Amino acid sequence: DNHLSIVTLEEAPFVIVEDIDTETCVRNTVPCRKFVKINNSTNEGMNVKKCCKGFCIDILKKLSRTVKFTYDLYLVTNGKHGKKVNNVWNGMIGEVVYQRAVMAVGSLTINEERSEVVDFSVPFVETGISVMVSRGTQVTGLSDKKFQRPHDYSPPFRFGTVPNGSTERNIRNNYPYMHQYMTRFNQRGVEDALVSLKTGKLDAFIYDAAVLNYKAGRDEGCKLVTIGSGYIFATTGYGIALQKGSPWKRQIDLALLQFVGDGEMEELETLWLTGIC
C-alpha cells in the first residue's frame, strides 16, 4: 500500500501532544494514538487518541502531500528516541527495526549505530553536541580544555548533561575523564538544567544542539546562550528513519532537499524554532 504505519515521539517543539476536542483534532494537528498501560504489572492497555503538532509534524504533512502517502501516526511507549539494550532496540528506532513502523518522524538524531539497522533520510535540521551557558561565560564547545581537564582551572567548571542518552554515551567514549568528572552534575531533565544554569548552580549544560538552540531562542530575558554553530561537536542532523532498504527513502530524500532549497524548511524553522533571543 501507500498507507504507512509511522511512529513518533513527544519532544516540543518538534512534536507536541494534545488531547482531542467536537471530539476530534483541530487544524495544525493530526491524529496520533498512544497505547496507555492499565498498570505497571500488566501488558494490558488502551489505545488513546491524541493530537500531534509541531515542526516534525509539519514535515510529515509536506512529505505526505509531496510523496503521496497516507499514514497512521502513533507515539512510542517503550523508550524514547532509540537505545540498543543488550542488543535489543527500544524507542522509535525499535519500532522501525522490528517492523511495527515503516517510518519514524521526530527529533531523531542520525548516528552510525542506528544507521546500521535503519536507513536515514537526509537530515532536515542540524544538531550535534552543543553547550549552553549564562551570557558572559567563555567556552569554545565540548572539546574545550575547561571540559577535558576541568581541574586545570580553579575553581573547576561545574557542568553536566542529562544522563542515559546519546550525549553521555558519546562523552563517555571520547573523553573518559570528562565523563567521570561531570557525573556529579547529572541533571534530571532539560528544564532542571536550565534552572540550575540560571540559579548559578551550574556553569554549563552539555546537550543536543537543536534543543539548546530552541531553549536559548525563547529564554526569558535572553540570559542563556549557546556556543556558535561552528563549535558544535559531532555535527549531524535529525532525520527520518526508514526500514532497511526502504523504497520510500529516495523520494523522501528528494522531497526534503526540495523543501530546503525552495524556502519551505526555513519557514517551518521560523514557524517553530526561532525565538526572541
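In case it trips you up, residue 1 is the first one in the sequence shown, and so on.
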#### Entry: Absent coordinates between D21 and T22 - deposited residues affected, binned into four classes
1 to 3
### Task
Compare the mean C-alpha B-factor of 101-109 with that of 86-94 as given in the PDB entry, and name the stretch with the higher value.
86-94
### Query
Between 28-36 and 248-256, which has the larger average Cα B-factor in the PDB entry?
28-36
### Message
Highest recorded C-alpha temperature factor, please, choosing from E168, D152, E126, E116.
### Response
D152
## Note on the structure
Max C-alpha B-factor within the set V122, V139, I206, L73 falls on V139
### Message
Sorting by Cα B-factor within the chain, modelled residues only, which third would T235 end up in: lowest, middle or highest?
### Response
lowest
### Query
Relative to the other modelled residues in the chain, which third contains the C-alpha temperature factor of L202: lowest, middle or highest?
highest
### Message
Per the entry's values, where does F157 land by CA temperature factor relative to the rest of its chain, in the lowest, middle or highest third?
### Response
highest
### Summary
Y214: CA temperature factor from the record, placed by chain third, in the middle
### Message
Ranking every modelled residue in this chain by its Cα temperature factor as given in the entry, which third contains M46?
### Response
highest
